[PDB]
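Take a look at the structure below.
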Amino acid sequence: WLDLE
Amino acid sequence: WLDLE
Amino acid sequence: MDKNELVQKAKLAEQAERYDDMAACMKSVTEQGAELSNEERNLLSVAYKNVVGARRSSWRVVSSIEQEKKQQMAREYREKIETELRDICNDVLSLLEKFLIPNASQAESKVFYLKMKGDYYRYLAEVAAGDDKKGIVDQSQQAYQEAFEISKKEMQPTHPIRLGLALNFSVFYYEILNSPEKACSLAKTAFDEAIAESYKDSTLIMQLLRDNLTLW
Amino acid sequence: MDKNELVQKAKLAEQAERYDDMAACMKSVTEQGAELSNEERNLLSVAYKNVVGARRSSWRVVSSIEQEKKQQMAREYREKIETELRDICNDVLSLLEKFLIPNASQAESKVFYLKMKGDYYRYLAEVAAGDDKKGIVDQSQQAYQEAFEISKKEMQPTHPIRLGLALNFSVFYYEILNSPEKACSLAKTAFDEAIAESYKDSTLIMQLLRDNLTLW
């Protein structure tokens with residue numbers, strides 16, 4: 001998974 | 001108001 | 001020092017979610033010449049509950065995680081946290097006993113901090129080790145057991161500070177003292193008259209304790 | 001040292017919500033002989049994002065609260081936080097540039113940390129002051145702008161690491177660089193082909209960027 005905003 | 005759990 | 005600049009800060013901090021700065025500013029405002037306006041009173045109540053709460057949660061989980069070699073680190077990690085716990089509670093259990101209870105000449109406030117004292121000694125009671133355990137499980141009883149009686153001769157059940165108490169002091173039996181009969185009792189009771197006989201607060205508390213007998 | 005005992009710790013910490021201990025343990029595991037297993041990679045990704053995220057949030061609110069006499073304390077409080085911010089980002093922007101990017105000989109990982117680098121310099125870009133601002137707003141462009149191109153010649157849009165990028169690098173324009181035309185563009189684009197053409201992850205990212213053009 002990754003980063004998100 | 002008070003504390004609660 | 002400037003008393004209302006610290007209040008002004010504890011507001012801002014809370015409105016910034018970084019709750020230690022928050023309890024600090026209040027720990028301060030109370031270690032001043034107390035008689036904390038209800039506002040301040042709650043702010044203090046909220047902040048300290050957030051930190052010590054944060055610790056409890058972490059403690060619980062980690063205990064089960066521990067309670068293998070992985071275990072010793074689990075242990076080491078636990079103690080680390082327990083400490084942080086204890087120092088927070090040691091810290092608030094001070095202001096209460098040494099500034100608060102004695103600088104709150106009013107029944108409302110009286111029963112309040114007497115919950116708090118009890119609440120905290122109670123947390124100190126989970127986390128305990130030997131006979132110190134019994135020493136602190138008792139110190140909590142008497143404190144809870146002193147405002148129940150104070151709320152009882154100064155104000156109503158339909159009031160959230162007393163209802164709330166009943167909840168918590170009721171729970172002081174399950175999790176802690178091991179008297180489900182007294183917990184349940186107290187909860188059926190303080191719930192009972194609640195019904196007898198502004199709006200919300202009471203209502204809310206009122207459910208939770210029922211919700212609780214649904215368990216016991 | 002024992003590399004997998006620190007991993008073993010960062011797991012536990014996360015499963016204990018106290019995220020600094022978490023980033024520390026990983027900051028450690030990477031300042032080891034890197035090439036962080038994706039697991040570790042994310043753990044690191046998660047932990048560091050929680051702390052620096054925690055700061056951003058607090059910074060935002062407090063800026064508006066500031067941005068009166070109450071204000072100087074607002075200022076003082078802001079700087080206090082900004083610092084904490086900067087030291088966290090300075091800290092992760094290290095491991096990235098000095099261990100990560102260079103100890104990830106694979107395209108997947110390549111485009112990843114290149115987002116991270118960009119992500120962080122970007123945070124450092126909000127919080128900025130003078131020409132240092134321009135220095136850091138640029139350092140972020142190039143970093144984001146280097147994997148977009150890397151993702152572009154090594155793997156698909158239906159892949160969350162690239163989609164995600166597009167989102168973030170698109171946002172690097174609104175909040176930061178002030179090029180809504182490029183942000184929107186990039187978002188319509190990277191969204192566009194996404195459709196062209198396992199399940200979820202992509203989907204998710206895919207919406208958010210749309211959700212975003214709905215704003216711009």
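Here's how to read the names in the structure tokens: chain A, B, ... by the order shown, residue numbers from 1 in each chain, ligand numbers from 1 in the order shown.
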Which residues of segment 139-195 of chain C have any atom within 8 Å of an atom in chain B when counting only C-alpha atoms, and what is the closest pair of atoms for each, with the distance in Å to one decimal? Order the rows by chain and rising number and write it as JSON lines.
```
{"residue": "C:160", "atom": "CA", "partner": "B:2", "partner_atom": "CA", "distance": 7.0}
{"residue": "C:161", "atom": "CA", "partner": "B:2", "partner_atom": "CA", "distance": 6.1}
{"residue": "C:164", "atom": "CA", "partner": "B:4", "partner_atom": "CA", "distance": 6.9}
{"residue": "C:168", "atom": "CA", "partner": "B:4", "partner_atom": "CA", "distance": 7.6}
```
For the selection you just gave me, I'd like the residues written to a file as a compact mmCIF listing (two decimals), in the first residue's frame, keeping C-alpha atoms.
```
# COMPACT_ATOMS: atom_id res chain seq x y z
CA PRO C 160 -24.59 13.76 35.39
CA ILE C 161 -21.81 13.82 37.90
CA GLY C 164 -21.80 9.08 35.99
CA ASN C 168 -17.90 4.24 37.33
```
Discussion item. Residues of chain D within 12 Å of chain C, counting only C-alpha atoms - could you list those as a ChimeraX atom specification?
Written reply: /D:4-19,21,51,54-66,69-78,80-81
Discussion item. Give me the residues near residue 37 of chain C as a ChimeraX atom specification, where near means some atom within 10 Å (using only C-alpha atoms) and where sequence neighbours in that chain fewer than 6 positions away do not count.
Written reply: /C:43,104,109
